[PDB]
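Shown below is the structure under consideration.
Order as written gives the chain letters A, B and C; numbering starts at 1 within each chain.
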Amino acid sequence: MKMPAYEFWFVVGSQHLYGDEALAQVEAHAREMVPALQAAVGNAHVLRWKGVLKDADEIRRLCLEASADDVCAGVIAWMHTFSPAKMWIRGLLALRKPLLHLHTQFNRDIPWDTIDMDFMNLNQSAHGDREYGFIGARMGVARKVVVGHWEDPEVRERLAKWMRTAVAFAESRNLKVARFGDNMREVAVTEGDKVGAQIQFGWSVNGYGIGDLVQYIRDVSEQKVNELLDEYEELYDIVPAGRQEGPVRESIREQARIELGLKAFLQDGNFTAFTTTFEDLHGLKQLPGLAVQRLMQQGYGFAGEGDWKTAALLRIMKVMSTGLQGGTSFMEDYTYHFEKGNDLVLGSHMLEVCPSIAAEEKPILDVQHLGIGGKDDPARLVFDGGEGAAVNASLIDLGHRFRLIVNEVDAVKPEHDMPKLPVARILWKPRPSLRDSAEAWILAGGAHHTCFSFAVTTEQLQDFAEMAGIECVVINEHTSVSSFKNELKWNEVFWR
Amino acid sequence: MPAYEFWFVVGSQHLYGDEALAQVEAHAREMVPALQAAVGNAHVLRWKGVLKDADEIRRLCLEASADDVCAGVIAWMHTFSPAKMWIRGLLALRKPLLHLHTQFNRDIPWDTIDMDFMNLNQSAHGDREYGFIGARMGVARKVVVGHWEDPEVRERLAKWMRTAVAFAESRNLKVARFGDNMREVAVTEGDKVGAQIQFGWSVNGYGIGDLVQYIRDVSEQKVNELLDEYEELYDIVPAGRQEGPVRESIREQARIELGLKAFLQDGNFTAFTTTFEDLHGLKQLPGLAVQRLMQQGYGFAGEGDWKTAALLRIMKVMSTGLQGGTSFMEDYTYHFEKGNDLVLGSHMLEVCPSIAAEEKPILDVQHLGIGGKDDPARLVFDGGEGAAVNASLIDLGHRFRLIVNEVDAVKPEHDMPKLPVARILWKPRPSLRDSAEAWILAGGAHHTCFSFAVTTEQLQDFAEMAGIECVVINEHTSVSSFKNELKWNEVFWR
Amino acid sequence: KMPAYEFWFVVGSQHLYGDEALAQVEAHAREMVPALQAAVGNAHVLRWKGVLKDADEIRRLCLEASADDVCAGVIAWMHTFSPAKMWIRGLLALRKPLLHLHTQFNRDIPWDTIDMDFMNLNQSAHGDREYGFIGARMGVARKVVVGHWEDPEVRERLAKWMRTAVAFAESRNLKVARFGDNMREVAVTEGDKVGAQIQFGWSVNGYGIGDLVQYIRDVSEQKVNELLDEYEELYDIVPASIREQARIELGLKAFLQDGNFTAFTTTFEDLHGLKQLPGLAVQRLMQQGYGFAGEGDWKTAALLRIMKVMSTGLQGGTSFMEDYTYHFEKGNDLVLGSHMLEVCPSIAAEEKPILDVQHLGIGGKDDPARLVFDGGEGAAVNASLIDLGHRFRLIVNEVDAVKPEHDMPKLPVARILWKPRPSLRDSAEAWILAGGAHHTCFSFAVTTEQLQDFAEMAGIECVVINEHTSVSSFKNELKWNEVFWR
């Protein structure tokens, strides 16, 4: 949603072979490129010019400082001239921030008429980037490679997506998840290795008793709550049997108290994701719902049944998208519709699903009965899901490693409204086809719990997997279950 | 603890006719009762017949896998038994296997040995065939070699049966956690599904609120008679012999014991964990309650450590019969002295009185800072002396490792009047510095299971059955060679 | 000429034991650091870098220690229980050597006054085990030193490790200049220079002999005369020229300083421009702490510089070596180490190094001037680093140098005699099996422990051949290591 200032260090590789007139000419070319790259597809993320690097020491220092400086979200290296890779070795080793090797070229076209030797010793990026690329593969460093002219619209989009990803990665690297209660009992995919997750992604995932959150809701001012119900009334379409001071209003007031208690707790521990479990709610009047839905809109990561993995992922996919319109939500594939041309999946968690995936209008604020958790009638936001190309991502623990499964799906506007369904919902046709998406998904072992996002590209999730050093398997338009099983087997071998 | 049998099974073939198979029956039917009497009638040794046919062998192995009462199978090839017959079987066999390489006759009847005797008591090469197929299929098997009357072989069978019963208890071990792991603690954390896959452990999180409910509706009658039992069993500090705020604190532990016992019996839980960071609804951190439940055979560990609580339950059921005693344990402080390098083991409150000296544990109630709660009632006592074993199970991410440290518990020559928690002193083998170094290199937890009763042979045999590395730190351990054993094991177990 | 290096002492704890107890830890550390600084001797330097209770504090500490080129190593000790997840983000980012000091402030248990507050302070015993775990779990390269902080055994290990970690910090920033290529058809001299830079950090760069021939001729004849003057005060030189070596010494010295080189290799198969194969020059430069090896052997040259830096402080002396000849005898079964010319005067006997000038067929150049001297005596170490293609292996053979029985009048080269453990036959067999080079680093001052600790920091197999080595066991260790390290 917001918070810490993140910049990206642009770096250019050269050598002392072509002397100082060439080092000035590359520095000139860079000092022009950087600000155009900034104000065009920037504003949000600062793009620092960290100089032309020729010295082994200079490179190694730069990398160390990039690792030390919390504000450096990533390094964007480009070899304008031939920069010998053995200088980058100790540097690339010590570089703990995500690196993008930008294989570009200052001049779009070749100036056929005037192409002296001095131009071949200056705009030679074509092979200075290849030399660098070799040390990249040799040292097996996880790097994004973007190729093309730097003014190119394709390249500026890839730089912009990559910078949003590397910010999501930096937020991940010190992500703080609070779990209220443990996993839903006997559930396997919601379980995981929390310490192994800190090794891989950095996630501090820490368990609090529900009594620790009750203590926070007991401390919430009735005034701040009352103001919040005012904001509800103005923002959402409360069931008419809920504006008069009824037990229904007091049930919406209780979610307001839970929202401001959660918000208070989360902010007091700098938590950006959390998890509630219905199997442990002792001291809550009702299951956190509208509160959780509002916090997710407010951009917090969340997942039910203690699912820290998909809650973390939700936060990561929310901060992956900040700028773009789409919206990102916690999701559970609940029911299929089988029709020849209209093969739908109805996704809608228990009751906690983020308004960011809602259509042009509505958010209706209902409060029907819930059986799960055995608590008071819990207030919720209900709303039809939007439409358009989307992404359904689960993160799972295979024991020895993590696997990110991503399903490209197309959200679809509901042709029929469903009056008795007292939870927000969204329909989607999964690529390549319901039958083959679900087959491949089950084969990959994807969780029941997913992160549904319009805004997050697949490229975005694959980049984040490359940085974080996990398999990222995708099931989309081109996915053949036959080939996909083989790709699962060969990845398993690669990643262990 | 359900009633557990071992299936004694003798391999042979049809080759030497049927009279020879009748003679093998004759030998077995003599051995199996004598073997029962040797190991004690605690764990039953069923005679499950002579297996010749590949179908018969498969059927036996399938039955032993399906039957929850079959804790283990003891195979012994009397005659050459062609191992391909056992293949289909060994794959389907899900219970621990002991390959008993024995022989009926102690000595060679030099005067009367004939072709008939040679194709009867040919177990010397019959087992070696069965040995091959074992190696070939990588089956988890205990190999016991010796005459079936040798005391060493009967000791190894008895211990192996206790371990195979402990493995059967592990395999459907239910653990209840009351609250999550101590926040920011790493070795406490683990893969609970990876555990269920390796060990079978049903490890499940319960809100503390679920437990307060059980305490809130516990009969005050039972509480008063239990507190009456406390005064009998323990030497209550005098301020707790009269009705005061002290003896009420002791009553509140007794409430926590009875509620816990109720909650654990209701869910067939054999082990459980607390955490001091989630007690909302408990008046005080379970102490005397947990200590007493631990004595009563329940597996326990604090700070949400299901791995050590499971290990404690398994390590207790490994001892059932023996009177040694097993406890949850933390290595708290060292004493450095040229000839008297000691380690003081304790917990916040929770250490089983089954390791206590024969002195009657003092039932005290001092202040405890941690968890920030009421003055908790706890048993205080000095640990016994003798050879003992400190075991920690850890998750390395991909797989588990059982670190065992042989130690020698020692009686404190200097009593400790102002330590309000029970404690035990031990000299760890081979020395404090070497043990500690080797332990830290192996990544062993602060939290351990201390047992007088459990052998290293039992924990190695358990790790064999569960298919986890078991690394041992004892007299023989050198830190040089230990670091290489860790390296070379890592590669094998990946 | 040695850059200053410090070690960042850090104590683990948590907030859990209130805030008074964190003052008690502060007090304990502030006492232990000075007494440990004085115990290891004002030579290493040992900063107290504060008590760590937060994950974000621990990450900060690691990141500064990696960034700061002055931090040679970090010494972590958990005074109380320090929940190990807080160290994870930090230990991932820590690129400097870690020693996990598993100690305790109190030697004895105060049996009388052991309150709950005491147990909530002197945890170490289980606070360190938690830390140990996360170390084993992340597979971080860590030394574990256990025992009380007043133990001589602990303070000795701390010193030894600190020496090792400074040599390692000098390895990571090591620059080697090669004056010509390897000996054409030689195998054990060739290796992966990029693989070396990735494993150790060695910027090993080839120069032409023409570059050094340009540098040699531009030396002041005034400094040459002054260097000749120093020779006949330091060595009992034969009557006499030698100025060629003194010229080459100052021309190399100029080249090495100007490129910040601490190690270099010459080859005798490329000397187009040099009047004679550098001998006395290189022997002087090695004595001055430069890493060297002949026949373009950068691996041994790096290993020599690393083992010189590992020894600095002790008066042992480290040299370049080639196992030249054996002597077979009932008991006195010994080896004669030497090289063409290039042996370090730091391994000499009673001093009085002769400065002869005989002919050297090998170079095909002018009879070169050299230092000749008998090798000292005492327990020593013979280390070669080899490339197996996919990784490096440090082979270390413990030897006992022994002072020569007879004289060697006709031998125009510096030499040393040693009995290899556990015997010549076995030590050699183990050596050929481990594929050790002809070229070694012989040191009196370097311990096997040092080389094992260095290998653990550098992430390479370190195979050891000592008294306890058995050739059967050894072969098994080679196979099993092979599987672990690849």
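Keep in mind that, in the parts below, a contact is a pair of C-beta atoms (placed from the backbone, for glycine too) under 8 Å apart; a residue touches a chain by one contact, two chains touch by 3 or more.
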Pairwise touch network: line, ring, star, complete, or other: complete
Pair of chains joined by more contacts [C-beta pairs], A-B or B-C: B-C
Distance from chain C to chain B - Cα centre to Cα centre, in angstrom: 47
Length of the line joining the C-alpha centres of chain A and chain B, rounded to whole Å: 45
Multi-partner residues of chain C (each touching 2 or more other chains): 55, 85, 88, 134, 137
Residues of chain B that touch chain C when the two form their complex: 182-187, 189, 330-337, 342-344, 346, 366-370, 394-397, 412, 414-421, 432-434, 436-437, 439-447, 484, 487-488, 490-491
Residues on chain C engaged by chain A in the complex (per definition of touch): 55-56, 59, 63-64, 66-67, 85, 88-89, 92-93, 95, 134, 137-138, 172, 193-194, 197-198, 201, 203, 205
Interfacial residue positions of chain A with respect to chain B in the complex: 179, 181-183, 185-186, 188, 191-196, 199, 204, 206-212, 214-215, 277, 279-283, 306, 397, 399-400, 496
Interfacial residue positions of chain C with respect to chain B in the complex: 14, 16-18, 55, 81, 83-88, 100, 102, 104, 106-109, 111-120, 122-137, 144-148, 151, 153, 477, 480-481, 483-484
